[PDB]
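> Model the structure of this input:
(5 chains)
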Amino acid sequence: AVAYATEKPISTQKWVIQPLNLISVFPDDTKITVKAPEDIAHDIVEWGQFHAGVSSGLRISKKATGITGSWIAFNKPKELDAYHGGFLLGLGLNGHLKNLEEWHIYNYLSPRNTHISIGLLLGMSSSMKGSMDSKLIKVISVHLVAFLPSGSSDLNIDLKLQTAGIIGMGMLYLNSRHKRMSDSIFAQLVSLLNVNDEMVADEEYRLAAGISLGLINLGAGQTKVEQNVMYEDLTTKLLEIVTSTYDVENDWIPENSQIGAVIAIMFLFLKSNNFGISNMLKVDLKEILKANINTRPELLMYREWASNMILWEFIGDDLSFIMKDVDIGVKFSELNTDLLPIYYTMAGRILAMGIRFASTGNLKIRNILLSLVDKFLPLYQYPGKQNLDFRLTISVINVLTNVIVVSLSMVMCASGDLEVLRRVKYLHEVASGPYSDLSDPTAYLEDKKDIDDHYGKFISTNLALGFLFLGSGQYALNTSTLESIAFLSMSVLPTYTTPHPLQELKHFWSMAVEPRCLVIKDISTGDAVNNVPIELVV
Amino acid sequence: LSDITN
Amino acid sequence: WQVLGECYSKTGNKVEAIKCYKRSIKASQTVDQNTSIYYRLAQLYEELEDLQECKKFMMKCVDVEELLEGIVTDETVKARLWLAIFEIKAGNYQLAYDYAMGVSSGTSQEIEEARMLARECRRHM
Amino acid sequence: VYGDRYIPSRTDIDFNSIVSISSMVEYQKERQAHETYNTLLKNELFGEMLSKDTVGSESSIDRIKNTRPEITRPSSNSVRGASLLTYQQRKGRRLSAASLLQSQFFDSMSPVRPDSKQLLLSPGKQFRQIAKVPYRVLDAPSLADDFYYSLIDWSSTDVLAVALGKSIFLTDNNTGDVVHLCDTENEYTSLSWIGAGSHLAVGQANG
Amino acid sequence: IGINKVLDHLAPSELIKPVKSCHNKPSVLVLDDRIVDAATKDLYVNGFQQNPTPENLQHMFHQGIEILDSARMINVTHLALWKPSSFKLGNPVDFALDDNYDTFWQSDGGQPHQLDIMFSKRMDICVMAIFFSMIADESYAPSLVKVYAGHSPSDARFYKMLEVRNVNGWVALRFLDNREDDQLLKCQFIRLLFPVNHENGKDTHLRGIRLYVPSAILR
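Numbering: from 1, shown residues only, chains lettered A, B, ... in the order given. See the structure here:
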């Protein structure tokens, strides 16, 4: 986000990717170097390498020419690694991979390395972005095991690769309104999957299926002739999944599909102002707090988020809208699990409020979020009384404080604000946690939970820091075109809890980024002149 | 008895 | 002559390549062998942005299928699909409906493209 | 309809494309799984040149397998493989016939090529040898370990006689228990059975 | 002002954090049955006692079931989805939940065996009942057990430690550390681990398991 369209390519000149340094320097200047995999989880280091490579690839400007299929092969490091996979994703993410020649597509995909394959599929699909070209969709069709013809001998495809394929597949079918593919996507979400010759249920994939289905049929819900009937059937099916209450867990409709259904019903009626559908999606706090409640609590955040976005006219800018119909209503004011649904209530409400006022900037919204972050910052990552009801609640506060910081950076994007920078700075720095101040595999898992929590805490503040300084401050987010909201909402998907599902999607706001800074330069002298009043007609 | 130790 | 047209086409000399293919057509002893040239010759006109001119060559490449008792070859499949698409923009749905049905025996992506086009023109028929 | 020898037509496949095409216990299973995925990938991604090529029957998968640098019936015997230039191929198509509309129909439900579908539907060989760690171990403390000794012995009645120390123990597979026969002062060295398990001939350490 | 005050009530910080001086080590629960104590009697039901014969174990197995079911309580063991780490094709988890000492469930696979208990609706568990057989199943006896908690497979977190030395009877574990006010556990996701068995075992059985939650006419 800091470097969107800064550097330009020379074509002849060879690109370079700086390897991850990951060496910390202390004020005592006693350098300590981290080495993998003894110090950290092995997957993390090259996952960071993949993220850095994506940033390096995205650094190329959109309007740059000369980036053909030969150029990427010219920049190939002769040894595939995470950096080049991220770099490959970046160029495709910027629309450079419009027509990549079939020669070296195989050369990339011949090794079964997941990162390069993931980068190739998502970037290349994002480059074409809805052209419905056959020579490409068939490649993902081969990759996806479920869409492969039934009865065929299973070929080893990684599950994360399947998630990567399906999202790139769905994005290839943007605004296609293709029934033959949409129904297959829907049936894929509910159904169970095969991994290592044993049936398995995945939340990440079902989330990937849900976002895919919502994107294929984006803007297809504004219906007031069989297309209307088929959309109503699809709509009432999704309402069935999201509202079904089961006393006994059915194996093939678990709760893991709830998030995918909610994101799909979200994108179906995005910016449609259908009061009805919002009502069976919006949840009333007064009624639910009386009852025991069911389903995973995290569903509530997505449900209220979806409901607010359906009504793309009444996103309140005041603290009343955020704090509508909320009261603790209990003598025990201590942090207890019963008041978790309220925290997910605000998290969904503030995030939709942030997305609504994306890059337009404001003062009342900024002040309200500043007050909220000032209130919620102190409790953050505070393991005082090690109680599981307490620990689960504070983890939700860790999620809640991540959303507000991201939303606060989102509303004030490309402005380089001071107090916002200060808050994201503190959240960025100082690990806190059980360690510092404020049976071997079992200990490995006990540590791995904490390291994963720190990883989830860092991605949110890093995303906020990048959003504050987007394209060196000369680029801003776009929320006018219908799909721009779709990609923006998709990229800000809060997946900060373990195992950080669909993380590679975080680098996808770049479709909503367009040059939105106007500056004045002199003709004769050729230098910039500033501080001159500009009148605008809107 | 199985469960043979290394 | 046909090879020369490909070389001119690949070097960005579309003005010259038109005359090159036209000479090749006359030299051909049988009309059947002109199916490949007609489709490619029509693409260059589309690259020159005169859609009316490319229609006449599009008629000939489709018509060779009828003269050859329904040859149903690949390079006429793309011809009918493109011809039907333009006819929708012209507002003549009836004249476009028969094109989709005649090309319903192509590749997997070819048939679905015409099938959906058939439904769209059928509703407005 | 037949191309001349001296003036061959050029296929769309390029010099380095053939360089790509020709490129190649649970370990064996994984290696077999990787090879079919790679073969399927290069078959599906390519084949437009191969589809334009060929004269009759055969398949694009057979062409790729023929490139040099329980089995079902092979169709045709051509081993031409990949090639830059083709002589026989002059653009020609067969007229549509009822088999073709049958074929294009079973293709309508297939998101991949029929040839690739046939390759995947083909059954891989389930031919492996399993010689792994024992699936069952019982108890026999204090077993003799002398080079001139041979103690255990099979009998048709799921019955094993063992010389554990200085006593003869009986292990029944059908029951899984241990039964003691007798014991003496001198250790046993060899065990045997006579008839149909009726008698047990045992050799001692003194003959 | 109502908005400002409620926000403080949801998230008290200055009032809550006393010193922030947590010891951060995992608490370990002692399960030995040779010492008599009021707290141990609450968690150990069958009573403190040569090794009893298997039929005596079966007899005490039934009497333990009867005593646990004697009190006012609701059993919802069959109201949840179960998915162990791996089977062995001889006995699924059904014979573990069949309330029969003779039949039992066995896993076969990796050493850190996992037992998953998924719930469909928010059920408030109060007492968890587990049966061990040290003398009967010494080869596959569970020696160390770690119980997790969470609302989903995503947010599984450590709850308690359990070390096994000699327990030939039902074990009751009511939960009080998490919530002192409710004296019960509220979660939708519970998983169990068996990282190592007794005398360096490989696999592990599970004889019994149960879950406990609280709450003229014409025929």
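
> now the farthest one out in chain D, which residue is it?
residue D:185 (54.6 Å; Cα atoms, centre = their mean).

> so it touches residue D:166, yeah?
Yes: when contacts are counted by Cβ atoms under 8 Å, residue D:185 is listed as touching residue D:166 (7.2 Å). For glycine as for every other residue, the C-beta is placed from the backbone atoms N, C-alpha and C.

> packing partners for the helix or strand where residue E:212 lies?
Counting by DSSP states H and E, the element that carries residue E:212 is strand E:208-213. Counting contacts by 3 or more Cβ pairs under 8 Å, 6 or more residues apart in numbering or on different chains; DSSP states H and E, strand E:208-213 is packed against helix E:54-70, strand E:74-75, strand E:124-125, strand E:127-131.

> out of the ones you listed, nearest to chain A?
strand E:124-125 (7.9 Å; Cβ to the nearest Cβ).

> Can you give the contact residues for the closest one?
Applying Cβ atoms under 8 Å, 6 or more residues apart in numbering or on different chains, the contact partners of strand E:124-125 are A:292, E:175, E:182, E:184-187, E:190, E:211-214.

> strands paired with that strand, and their directions?
When sheet partners are counted by DSSP bridges, strand E:124-125 sits next to strand E:185-186 (antiparallel).

> mind listing the strands for chain A?
A:23-24, A:32-33, A:193-195, A:198-200, A:475-477, A:513-515 (DSSP state E).

> Equivalent analysis for chain D, please.
D:9-10, D:85-86, D:159-164, D:167-172, D:178-183, D:188-194, D:199-204.

> so which of the ones you listed is the most packed in?
strand D:159-164 (a mean of 21; mean count of other Cβ atoms under 10 Å in any protein chain shown).

> Could you list the residues in contact with it?
Applying Cβ under 8 Å, 6+ apart, the set of residues contacting strand D:159-164 is D:140-144, D:151-155, D:168-173, D:181, D:187-189, D:191, D:193, D:197, D:200, D:202.

> What of stretch D:175-193?
Contacts for stretch D:175-193 (Cβ under 8 Å, 6+ apart): D:138-140, D:144, D:146, D:148-153, D:155, D:161-163, D:165-172, D:199-206.

> change it to 7 Å
For stretch D:175-193, contacts defined as Cβ atoms under 7 Å, 6 or more residues apart in numbering or on different chains pick out D:144, D:148-151, D:153, D:155, D:161, D:163, D:166-172, D:199-206.

> what separates that stretch from the chain centre, distance-wise?
44 Å (Cα atoms, centre = their mean, to the nearest Å).

> same deal with stretch D:23-37?
11 Å.

> Could I get the CA-only coordinates of the strand holding residue E:212 as CSV?
The C-alpha trace of strand E:208-213 is given here as CSV (Å, rounded to 0.1, in the frame of the first residue of the first chain):
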residue,chain,number,x,y,z
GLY,E,208,-16.7,-44.5,29.0
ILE,E,209,-17.4,-40.8,28.5
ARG,E,210,-20.4,-38.7,29.4
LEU,E,211,-21.4,-35.1,29.4
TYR,E,212,-23.7,-33.4,32.0
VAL,E,213,-25.6,-30.2,31.8
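
> chain center to that strand, what's the gap?
With Cα atoms, centre = their mean, you get 8 Å for strand E:208-213.

> got the angle between that strand and helix E:54-70?
Put simply, strand E:208-213 runs at 10 degrees to helix E:54-70, going by axes from the mean of the first three to the mean of the last three Cα atoms, to 10 degrees.
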